[PDB]
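Overview (structure and organization)
Listed below are the residues making up each chain.
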Amino acid sequence: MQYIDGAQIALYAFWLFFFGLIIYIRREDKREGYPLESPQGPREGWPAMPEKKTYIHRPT
Amino acid sequence: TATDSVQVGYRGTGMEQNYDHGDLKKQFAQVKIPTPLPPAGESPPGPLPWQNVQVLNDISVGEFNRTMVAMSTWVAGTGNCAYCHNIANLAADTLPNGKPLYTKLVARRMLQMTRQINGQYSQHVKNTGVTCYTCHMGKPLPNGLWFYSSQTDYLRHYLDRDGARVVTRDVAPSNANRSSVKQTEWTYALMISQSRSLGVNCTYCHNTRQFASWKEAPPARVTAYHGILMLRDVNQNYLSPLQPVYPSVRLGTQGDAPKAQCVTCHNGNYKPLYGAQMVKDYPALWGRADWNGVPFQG
Amino acid sequence: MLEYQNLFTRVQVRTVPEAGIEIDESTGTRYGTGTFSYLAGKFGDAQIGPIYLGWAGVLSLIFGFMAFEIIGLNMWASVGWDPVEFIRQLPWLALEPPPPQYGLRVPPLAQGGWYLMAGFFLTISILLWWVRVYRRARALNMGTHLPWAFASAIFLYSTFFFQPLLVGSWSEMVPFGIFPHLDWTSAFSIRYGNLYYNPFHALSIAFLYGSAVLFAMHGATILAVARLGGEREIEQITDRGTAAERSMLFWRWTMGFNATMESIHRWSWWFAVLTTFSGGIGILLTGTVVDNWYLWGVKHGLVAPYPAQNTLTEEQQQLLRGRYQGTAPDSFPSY
Amino acid sequence: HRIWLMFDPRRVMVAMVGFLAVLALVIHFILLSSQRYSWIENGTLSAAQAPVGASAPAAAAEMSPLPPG
Amino acid sequence: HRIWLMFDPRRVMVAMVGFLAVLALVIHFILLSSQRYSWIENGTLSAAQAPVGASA
Amino acid sequence: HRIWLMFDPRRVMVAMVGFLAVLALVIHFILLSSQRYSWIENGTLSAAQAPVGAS
Amino acid sequence: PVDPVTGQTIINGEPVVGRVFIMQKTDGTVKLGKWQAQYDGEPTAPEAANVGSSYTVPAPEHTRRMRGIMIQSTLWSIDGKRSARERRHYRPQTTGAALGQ
Amino acid sequence: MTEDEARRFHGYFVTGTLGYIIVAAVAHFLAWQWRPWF
Amino acid sequence: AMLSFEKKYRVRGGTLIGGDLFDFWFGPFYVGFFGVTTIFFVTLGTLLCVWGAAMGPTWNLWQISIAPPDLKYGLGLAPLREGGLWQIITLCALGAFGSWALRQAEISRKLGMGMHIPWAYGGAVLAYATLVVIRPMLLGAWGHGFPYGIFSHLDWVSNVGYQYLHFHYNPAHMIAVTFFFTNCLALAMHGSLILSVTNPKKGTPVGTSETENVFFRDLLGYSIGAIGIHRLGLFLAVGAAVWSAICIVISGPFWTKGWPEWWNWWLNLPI
Ligand SMILES: CCCCCCCCCCCCCC(=O)OC[C@H](COP(=O)(O)OCC(O)COP(=O)(O)OC[C@@H](COC(=O)CCCCCCCCCCCCC)OC(=O)CCCCCCCCCCCCC)OC(=O)CCCCCCCCCCCCC
Ligand SMILES: CCCCCCCCCCCCCC(=O)OC[C@H](COP(=O)(O)OCC(O)COP(=O)(O)OC[C@@H](COC(=O)CCCCCCCCCCCCC)OC(=O)CCCCCCCCCCCCC)OC(=O)CCCCCCCCCCCCC
Ligand code: BCL
Ligand code: BCL
Ligand SMILES: CC[C@H]1c2cc3[nH]c4c(c3C)C(=O)[C@H](C(=O)OC)c4c3nc(cc4[nH]c(cc(n2)[C@@H]1C)c(C(C)=O)c4C)[C@@H](C)[C@@H]3CCC(=O)OC/C=C(\C)CCC[C@H](C)CCC[C@H](C)CCCC(C)C
Ligand SMILES: CC[C@H]1c2cc3[nH]c4c(c3C)C(=O)[C@H](C(=O)OC)c4c3nc(cc4[nH]c(cc(n2)[C@@H]1C)c(C(C)=O)c4C)[C@@H](C)[C@@H]3CCC(=O)OC/C=C(\C)CCC[C@H](C)CCC[C@H](C)CCCC(C)C
Ligand SMILES: CC(C)=CCC/C(C)=C/CC/C(C)=C/CC/C(C)=C/CC/C(C)=C/CC/C(C)=C/CC/C(C)=C/CC/C(C)=C/CC1=C(C)C(=O)c2ccccc2C1=O
Ligand SMILES: CC(C)=CCC/C(C)=C\CC/C(C)=C/CC/C(C)=C\CC/C(C)=C\CC/C(C)=C\CC/C(C)=C/CC/C(C)=C/CC1=C(C)C(=O)c2ccccc2C1=O
Ligand SMILES: COC(C)(C)C/C=C/C(C)=C/C=C/C(C)=C/C=C/C(C)=C/C=C\C=C(C)\C=C\C=C(C)\C=C\C=C(C)\C=C\CC(C)(C)OC
Ligand SMILES: CCCCCCCCCCCCO[C@@H]1O[C@H](CO)[C@@H](O[C@H]2O[C@H](CO)[C@@H](O)[C@H](O)[C@H]2O)[C@H](O)[C@H]1O
Ligand SMILES: [Fe+3]
């Protein structure tokens, strides 16, 4: 329509993608040193803890 | 080194003019205005004793000689009738051998040109007109003389080109404006030349956040536009038609008459001669019936 | 007097040059054996080792050198073949795009044909170099992260071809020249109404500044824990030591949140890639969707108000209207 | 003479030569950039013909070196 | 004086020389940039001809 | 003398040659850039015809 | 309105104690509205470009070698070398038959 | 260190300072005669 | 809360100002004397910014603009409503940035790390101080600073750039732009290299430190070290800010003409 234009639509698509990306990178930021130590118990911020990741090592 | 800054826009916008103090002082000091001639306002009520005079017809006799002394000191030098006349016959348009006096013919056409500038283009030279001294500065050849070079020379904007706008007046593209980035570069070059001709920067006539806006720009921009129109008249109807009068050493490589630009009057200053007023005391050069309420005798 | 800042290395250790991990050499091979530079070894590694060359690399070199030769020879011809003027005026010389009136049709050779040839060859060599980067990555069983970051760079580069095609003229392309390509940058911003108000231009500026911020932070952090073995990030990722722990705790105590030794490189990768991706989007949107970014900003409430600096009368508004720029005069009139 | 046991004469001589050379270059270039002592161009003038800075000056009318604010 | 047992003479001497040099250069340059004491250009003027600031 | 004990003659001579060459080049170029002493263009003029700083 | 006896400002029929001033935001600024309203008070739209119907090829001596758009204001306005100025345009040409050779 | 060289250094530093100050006084008096600032 | 390994590192000592009073943690944040000072300056500056927004004609986030004073008040504290508020906010920002750097120095002195991070942040602080303190002082008015507004400071940048006709021709601006572009390129390369080694082709083991050097030697013929890439990134990122400060401080205080004309010296070389 008139107020909506392509630049605005593309900008909001980029905002959505950027927020999803920030969520993914914050998920990766908690792969080491979690869950947190608190008197109330284990703590996980948003986004929650990811699944355990293991690497591959060459045989001896 | 101290820098003299003049604020030309709203605070915080970045619209300022910077000047180096030392060179500004040296440049201002070196200007030397000729002293105004003492007025001559007691001529007798007699007819004009002039044989060949087609411009200075509405002027008295004593003020006529006053104007002649002023013209000599502004263009050729104090006294020095030999640059435009022969001493023997001041009414003669030709040399004793037979060759026409081209300097005198040019001076006549340029008396007409100065009157036209002062009268018809007040929107540029408001209350501060021009004399012969503004362009000539005591020399026969002024500054900023230009000739035909090539098609894309931006100085043609002051002769026969028209139109420099490139910015769209809409949010969306259409066929109303199809300006190229190259045309924008041409306008950029012309405006850089204008800025250097007045010794100012882009913010003197622009809020560069939108170059097309006139309401966000200082009033000088309006004045500048009139300076374009005046030039287009001067270069088209007064300087160029003088092609057949000049000797070949005066013309360009295409054999065309010299033309004027902004730096011809301004010489790198925001106002010619820093805004010196000189023509208010020389009514023969006025194009009006009054300059500042001071009436014109006639 | 001062603590060792890990800025320069005082004692270099030499050994036999490293030939390299065994890789397939059916289409290309390594050239050189590996020399050592002492000055280079002060700041980083010292080995100017062998370089691999294969199909894509050789083809990329040939096409890129052809583009470079075309550009240089046109620059040299523009000064009348004067070597002194060639060197003196080098930053001002350019290979210029075609005239605007040809649109997308092929231009004359001396008026933009060379420009299109050089651009085509440069594009082909850049794509072949992308293929070479991908193959060098996959020959060592590495992931293809570098190919897809180079792809973002190539996307921004290719918008300088696609936007002139979308607006419909090869004249809008970037000239090959040191100063003239800066001239094009300025004129592009001016023509489309203050590219500062392009939201994707602002986005890409944010990502460029953020790349500088992130690299300063990461470099300072790793240099600050290099005394603990922090520069060996692979082992700190697969076996987290005290250097990684201290790096995490510094930033957690500083700004309240932190990354890991591995995910800080994800942050860096995405900031650098987004710099060119959002910029390419912004360029593609200019002149096709939006022709005046300042007016788009006014429409979407981006522009701060200032007091009017001038007011125009009714006759002034008619008089001050100008004319859109047209063609240059092809005659020298006599008056 | 005990000052030299306090500062290494090598360091002092290096600093002294450097400072004195920089000062000489700066003074020569300040004089060369002036109007009265631009000796390469106007050094043949007599002391009476040499430029002198302006004394206490007078004012001007409707003439400003600076554009209006 | 006991101040030399409280302050290293080398440090104090170096700091004093540096501060004095910077101060002297600053004062000389301030005078050179002024109108009344621009001695390189107007040093031959007498005390009556030297410029004086206005009463503004 | 005894300066060569306090300063290495090799280092001093290299520094002196470099400084002298730079100073000579700077002086020659300053003179070449001037109006009175642009000897390549006006070197054939007599001392009465050479340009003088205006005053 | 001002009370003609006490010289007091009256607002909606009530006098005010004090010196009444009209409130305004910082330096009299007003929020912008529609983009089409940016041209209220600005000059009307510029006229259509002047485009030559036909084109005449100039002489080589009147043609620039350098095709950069901003070369006249960025370099030539500050460059004044004689040979460099000479190399700015193409040279005049003729034919062997016209030269009688 | 032995508190005697402290006295000796104090004498040397004091006489150097005094001479520097008096030479500055002569310079200021000369400048005052040439062009007074008050 | 605390990380799994955090507890053993939270000890006493390493502060520059204060003792056991300011040696605690508020949530994840460490609070010192400079943490308290940072909070004070941040709160005062932000509240004054909100007041400047309230005084202005709009609450729109993009259009809010707190402008510096007129040039006629040169180096004096202007009236609050005519640009003095901008000056007070500038003082608050200077205090807050200095406190942030000193608090970072305290934190690094407590974990046994080097002092690199505060000095790296000092480059950005120096660039800001050049923009609002050094350059306005050399030019002689506080009104030479930039306004505090998301898009109005872009307008200031545009107008200041066009004050020198063509700001691209500033040589120091060209060097700083090169530093920024090279920094972005190097950051992309380093992130890609580390990620590709620790996340290799699926099915293959995690690569070693020799793989990085071998890859970059195969591609470019030279591979900087693991420490070398971090040194280069620090140098590039900080040099970009330093050369930015140089480029802005020479425009006006030292050069007042158009920047293109500055290249006369190159065209007038005797050769
Ligand atoms: C020249 C022109 C181009 C110009 C511009 C160019 C821009 C390029 C952008 C590239 C983005 C990815 C960058 C990257 O990391 O690349 C490395 C990787 C190569 O890795 P490798 O060599 O295979 O190495 C293997 C392994 O080491 C990879 O591990 P690494 O850590 O590197 O990657 C982690 C993987 C993990 O994947 C998963 O967990 C699976 C699920 C991933 C998400 C799938 C859905 C995504 C959205 C779909 C709709 C997306 C719609 C937009 O993760 C990644 O590689 C990426 C992680 C996510 C990144 C952020 C996503 C945010 C999404 C927000 C959405 C909005 C929410 C409101 O390259 C890849 O292509 C990986 C993916 C390969 C599988 C194919 C995926 C696409 C299949 C469908 C299309 C098929 C072809 C037509
Ligand atoms: C952008 C993304 C956002 C994102 C926002 C959302 C996410 C936020 C995430 C933040 C990090 C993770 C969460 C976390 O751990 O937070 C720390 C804390 C738990 O701390 P802790 O683990 O128990 O550790 C505390 C420990 O250090 C013990 O501290 P203690 O309790 O002894 O006292 C420390 C402080 C506070 O002192 C008190 O007396 C507290 C109670 C009174 C507070 C007010 C006192 C002032 C007078 C009244 C003012 C108020 C009168 C009305 O003592 C200090 O010395 C520390 C503070 C600094 C002191 C120096 C500065 C003085 C001048 C300050 C001037 C400005 C402040 C007034 O957690 C909580 O409080 C949980 C709830 C979340 C709190 C933040 C909520 C913010 C809502 C914002 C809404 C609007 C958003 C736009
Ligand atoms: C007056 C000038 C205008 C302006 C006009 C433009 C224009 C026009 C553009 C930018 C763009 C950008 N501008 Mg700018 N910009 C201005 C003001 C600024 C300011 C500022 C402080 O004022 C900043 C920080 C920036 C910053 C930025 C960047 C974020 C962005 C470019 C990223 C980039 O180039 O990566 C560097 C990466 C690349 C160039 C990608 C291509 C690299 C290729 C692949 C390399 C090939 C090399 C080849 C093989 C080498 C050999 C060649 C030989 C000849 C053989 N702009 C003002 C408003 N700006 C761009 C953008 O994205 O805008 C949305 C853009 O096009
Ligand atoms: C018409 C306009 C001109 C122009 C005129 C100018 C002007 C004018 C300037 C620059 C400057 C710069 N220009 Mg330029 N420039 C133009 C075109 C370009 C183009 C391009 C065409 O692509 C590019 C790449 C650039 C590039 C650049 C950079 C070299 C530099 C900006 C970075 C910088 O200073 O960082 C330095 C970093 C900082 C100043 C930031 C410091 C941050 C502080 C410490 C605060 C952080 C905390 C904050 C308050 C709060 C955080 C809160 C939490 C989030 C909760 N310019 C055009 C041609 N350019 C600028 C410069 O050099 O500045 C020094 C500058 O002023
Ligand atoms: C995330 C975005 C950033 C980025 C990323 C990026 N660029 C990349 C990569 C990545 C991830 C690569 O993998 C790739 C690479 O290999 O980097 C080392 C590349 C690359 N980025 C490059 C440059 C580059 N990147 C830039 C920008 C950026 N790249 C962004 C900031 C820019 C800018 C700012 O404009 C430039 C100029 C290249 C170094 C490289 C791609 C190389 C390529 O495609 O080469 C093709 C080959 C040729 C053109 C051959 C040319 C030959 C010579 C240049 C000419 C002949 C010389 C002659 C032999 C001698 C000299 C002359 C004689 C007369 C003396
Ligand atoms: C080497 C120089 C580069 C760099 C590096 C760098 N930045 C750094 C660091 C480093 C090494 C940090 O460690 C430090 C940090 O802790 O990051 C998480 C920081 C940091 N770089 C930041 C931002 C930043 N850096 C920038 C630039 C750069 N930083 C350079 C390119 C920019 C640009 C270009 O604009 C920005 C916006 C912060 C995220 C952070 C510093 C945090 C800080 O100082 O916090 C204290 C202040 C607050 C919490 C709030 C503000 C308090 C003020 C009183 C409010 C008033 C502000 C004022 C009105 C300005 C408004 C400006 C308008 C234009 C909007
Ligand atoms: C010798 C030689 C060659 C030298 C050449 C060098 C040259 C020429 C340089 C230029 C010289 C000139 C003229 C430049 C000027 C430089 C200046 C002005 C120097 C400043 C000196 C300096 C060290 C900077 C800042 C000083 C500091 C760090 C101050 C801190 C003082 C202190 C410890 C007290 C704490 C109180 C503070 C900091 C106030 C803020 C504050 C306040 C005000 C509260 O009310 C409050 C209440 C409750 C909680 C917190 C706070 C709080 O944080
Ligand atoms: C008391 C006191 C103040 C003292 C402290 C010291 C002071 C004063 C502070 C610092 C000031 C100083 C000394 C600064 C001067 C620094 C100097 C001398 C200059 C250095 C200049 C320099 C090193 C080069 C210039 C850089 C330029 C212009 C171009 C860069 C080009 C470029 C892209 C290079 C990258 C090189 C390559 C091939 C890298 C790829 C590469 C990457 C990207 C990896 O991630 C990686 C990881 C692990 C293994 C291999 C690699 C690897 O090699
Ligand atoms: C010794 O001297 C010689 C001559 C032998 C060698 C010297 C060479 C020298 C000195 C060379 C100097 C080169 C310089 C200084 C180059 C400067 C380059 C710069 C600064 C370039 C900057 C930007 C240019 C850009 C972004 C150009 C982009 C171009 C594109 C995307 C073009 C694409 C074109 C295509 C795809 C064309 C396709 C062909 C079609 C399909 C249209 O065919 C009809
Ligand atoms: C092509 C020309 C050459 C281009 C390359 C030039 C390389 C050298 C310039 C980049 C490095 C300059 O080196 C610079 O040194 C100064 C000292 O002057 C350091 O110090 C500077 O910043 C710090 C940071 O707070 C301030 O405290 C300090 O007062 C300031 O001088 C900088 O942190 C460092 O970046
Ligand atoms: Fe790293």
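Residues numbered from 1 in each chain as written, not as in the entry; some residues may be left out. Chains lettered and ligands numbered in written order. Part of a larger assembly, values for the part shown. Heavy atoms only, no water.

Per the PDB record, the structure was determined using cryo-EM to 2.3 Å resolution.

In this section: the overall build of chain H. When you go through chain H residue by residue, the secondary structure sums to one helix and zero strands. Structurally, chain H occupies a C-alpha span of about 50 × 15 × 5 Å along its principal axes. Sorting the 38 residues of chain H into buried and exposed places 5% on the buried side. (Helix = DSSP H or I, 4+ residues; strand = E, 2+ residues; numbered from the N terminus. Buried < 20%, exposed > 50% of the residue type's maximum accessible area, 1.4 Å probe, protein only.)

Scanning chain D from terminus to terminus reveals three helices and zero strands. Secondary structure of chain D in N-to-C order comes out as α-α-α. For 69 residues, the compact-globule formula gives about 11 Å, and the C-alpha radius of gyration of chain D, at 22 Å, lies well above that figure. Projected onto its principal axes, the C-alpha coordinates of chain D cover approximately 70 × 40 × 20 Å. When the 69 residues of chain D are sorted by exposure, 17% land in the buried category. With the model as given, the accessible surface of chain D reaches about 5,000 Å², and the carbon-plus-sulfur share is 70%. (Rg over C-alpha atoms; globule rule 2.2 N^0.38 Å. Areas by Shrake-Rupley, 256 points an atom, 1.4 Å probe, with all protein chains shown as cover.)

Turning to the coordination of the iron ion (ligand 11), a few remarks are in order. For the iron ion (ligand 11), every protein donor is listed as C:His218 (NE2), C:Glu233 (OE), C:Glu233 (OE), C:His265 (NE2), I:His190 (NE2) and I:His230 (NE2), and the spread of their distances is 2.1 to 2.5 Å. With six donor atoms in place around the iron ion (ligand 11) and angles of 60 to 173 degrees between them, the coordination shape is irregular. With I:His190 in helix 5 (residues 171-198) and I:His230 in helix 7 (residues 226-250), this residue pair connects regions lying 40 residues apart in the sequence. You'll find I:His190 and I:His230 in the same group, each marked buried. (Donors = N, O, S within 2.8 Å, 3.2 Å for Na, K, Ca; no water. Tetrahedral: all angles 85-135°; square planar, octahedral: opposite > 155°, others 65-115°.)

Residue and element names in this part refer to chain I. Following the criterion strictly, the structure yields seven cavities of 30 Å³ or more and no others. Of the voids in this model, the largest cavity is the one considered here, and its volume is about 270 Å³. Looking at the lining of the largest cavity, the elements with two or more residues in it are helix 1 (33-55) and helix 2 (84-108). Broken down by element, the residue count for the lining of the largest cavity peaks at three residues, all from helix 1. Roughly 80 Å³ of volume is contained in the second largest cavity. (1 Å grid on protein atoms, 1.4 Å probe; cavity = no way out; pocket = protein on both sides within 12 Å on 5 of 7 lines; lining within 4 Å. Points joined across faces, edges and corners; volume = space filled by probe spheres on them.)

Bringing the site of ligand 2 into the picture now. Residue and element names in this part refer to chain I. Around ligand 2, the neighbouring residues are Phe24, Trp25, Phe26, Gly27, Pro28, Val36, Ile39 and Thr43. With respect to ligand 2, the backbone of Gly27 contributes an N or O atom lying 3.1 Å from an oxygen atom. Classifying every residue of the shell around ligand 2 gives six nonpolar, two polar and no charged. (Near = heavy atom within 4 Å. Polar contact = N/O pair within 3.5 Å; in protein donor to acceptor, adjacent residues only side chain to side chain. Nonpolar A, V, L, I, M, F, W, Y, C, P; charged D, E, K, R; others polar.)

Our focus in this paragraph is the environment of C:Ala137. If you trace the backbone, C:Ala137 turns up in helix 4 (residues 113-139). What makes C:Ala137 buried here is its relative accessible area of 3%. Placed 10 residues apart in sequence, C:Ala137 and C:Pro147 show a C-alpha to C-alpha distance of 8.0 Å. If we ignore the near neighbours within four places in the chain, the residues touching C:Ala137 are C:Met142, C:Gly143, C:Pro147 and I:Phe215. (Contact = heavy atoms within 4.5 Å.)

Further remarks concern the site of ligand 10. All names here are of chain I. Every residue lining ligand 10 is accounted for by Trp119, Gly122, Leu126, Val242 and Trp243. Protein contact buries 40% of the 750 Å² of open area that ligand 10 shows by itself. Where the shell around ligand 10 is concerned, the elements lending two or more residues are helix 3 (116-139) and helix 7. Among the elements that line the shell around ligand 10, the one with the most residues is helix 3, at three residues. For the shell around ligand 10, the residue count by class is four nonpolar, one polar and no charged.

Right, let's get into the pairing of strand 2 (residues 16-20) of chain B. Within a regular strand, the side chains alternate between the two sheet faces. Residue and element names in this part refer to chain B. Most of strand 2 is tucked away: four of the five residues are buried. Alignment of strand 1 (residues 3-7) against strand 2, held across five bridges, turns out to be antiparallel. Looking at the pairing, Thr3 lines up with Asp20 of strand 2. (Pairing = 2+ DSSP bridges.)

What follows deals with unusual backbone geometry. Cis geometry marks the peptide bond from A:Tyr34 to A:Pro35, where omega comes out at 0 degrees. Within the fold, A:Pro35 resides in the segment after helix 1 (6-29). In the segment running from A:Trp46 into A:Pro47, the intervening peptide bond is cis, with an omega of 0 degrees. Inspection of the secondary structure assignment puts A:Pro47 in the segment after helix 1. For B:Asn80, which is not a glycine, the phi torsion comes out positive at approximately 60 degrees. In this fold, B:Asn80 is placed in the loop between helix 2 (61-76) and helix 3 (102-120). One non-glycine residue, B:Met137, lies in the positive phi region at around 55 degrees. As for its position among the elements, B:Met137 is in the loop between helix 4 (132-136) and helix 5 (181-198).

The pair of protein chains exhibiting the most contacts, out of 15 pairs of chains in contact, is chains C and I. Left apart from each other, chain B and chain F have a closest C-alpha approach of 13 Å. The closest approach of any C-alpha atom in chain D to one in chain G is 17 Å; the two make no contact.

A few words now on the pattern of salt bridges. Opposite charge on two side chains allows them to pair when their charged atoms are near. This model, assessed by the stated rule, comprises 40 salt bridges over all chains. For the salt bridge of B:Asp160 with B:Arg156, the shortest nitrogen-to-oxygen distance reads 3.2 Å. For B:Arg156, a relative accessible area of 1% gives the class buried. Here B:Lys182 and C:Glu96 are joined by a salt bridge, their closest N and O atoms 3.9 Å apart. On the criterion of chain membership, the pair formed by B:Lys182 in helix 5 and C:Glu96 in the loop between helix 3 (83-88) and helix 4 is interchain, its members lying in two chains. Overlapping salt bridges bring together B:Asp162, B:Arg232, C:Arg321, C:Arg323 and G:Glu47 as one network. (Salt bridge = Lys/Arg side-chain N within 4 Å of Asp/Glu carboxyl O.)

Right, let's talk about the packing of helix 3 of chain I against helix 7 of chain I for a bit. Residues and elements named next belong to chain I. The contact between helix 3 and helix 7 brings their axes to 9 Å, and the two run at 0 degrees. The angle between helix 3 and helix 7 places the two elements in the roughly parallel class. On the side of helix 3, the interface is formed by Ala120, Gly123, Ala124, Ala127, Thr130, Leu131, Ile134, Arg135 and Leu138, while helix 7 contributes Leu234, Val238, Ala241, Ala245, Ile248 and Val249. For the contact of helix 3 with helix 7, a count of residues per class yields 12 nonpolar, two polar and one charged. (Axes fitted to C-alpha atoms, helices over the stretch in contact; angles between N-to-C directions. Parallel < 35°, antiparallel > 145°, perpendicular 65-115°, else oblique.)

Let's shift gears to helix 7 (residues 199-224) of chain C. Residues and elements named next belong to chain C. Counted at 1.5 Å a residue, the expected span for helix 7 with its 26 residues is 38 Å, and the 37 Å between its end C-alpha atoms agrees. By the criterion of burial, helix 7 is predominantly enclosed, with 19 of the 26 residues buried. The opening residue of helix 7, the one whose side-chain oxygen lies 3.2 Å from the backbone nitrogen of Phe200, is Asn198. (Expected span 1.5 Å × (residues − 1).)

Before going further, it helps to examine the side chain of C:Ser268. Note that C:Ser268 resides in helix 10 (residues 263-284). Reaching out from C:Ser268, the side chain makes a polar contact with the backbone oxygen of C:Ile264 at a distance of 2.6 Å. Residue contacts for C:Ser268: discarding those within four places in its chain leaves C:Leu214 and I:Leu187.

The subject of this paragraph is the interface of chain I and chain C. Counting residues at the interface gives 92 residues for chain I, matched by 97 residues for chain C. Around 8,700 Å² of area is buried between chain I and chain C when both sides are counted, 69% of it from carbon and sulfur atoms. The largest contributions to the chain I side of the interface with chain C come from I:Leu187, I:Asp218 and I:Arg231, which together make up 9% of the buried area. Put simply, chain I and chain C have three salt bridges between them. Here I:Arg217 ties to C:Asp45 by a salt bridge, and the two come within 3.7 Å at their closest N and O atoms. Summed over the shared surface of chain I and chain C, the number is 38 residue pairs in polar contact. Element by element, the count of residues in the side of chain I that touches chain C is highest for helix 5 of chain I, at 18 residues. By residue class, the composition of the side of chain I that touches chain C is 51 nonpolar, 30 polar and 11 charged. (Buried area = accessible area lost by both parts, 1.4 Å probe.)

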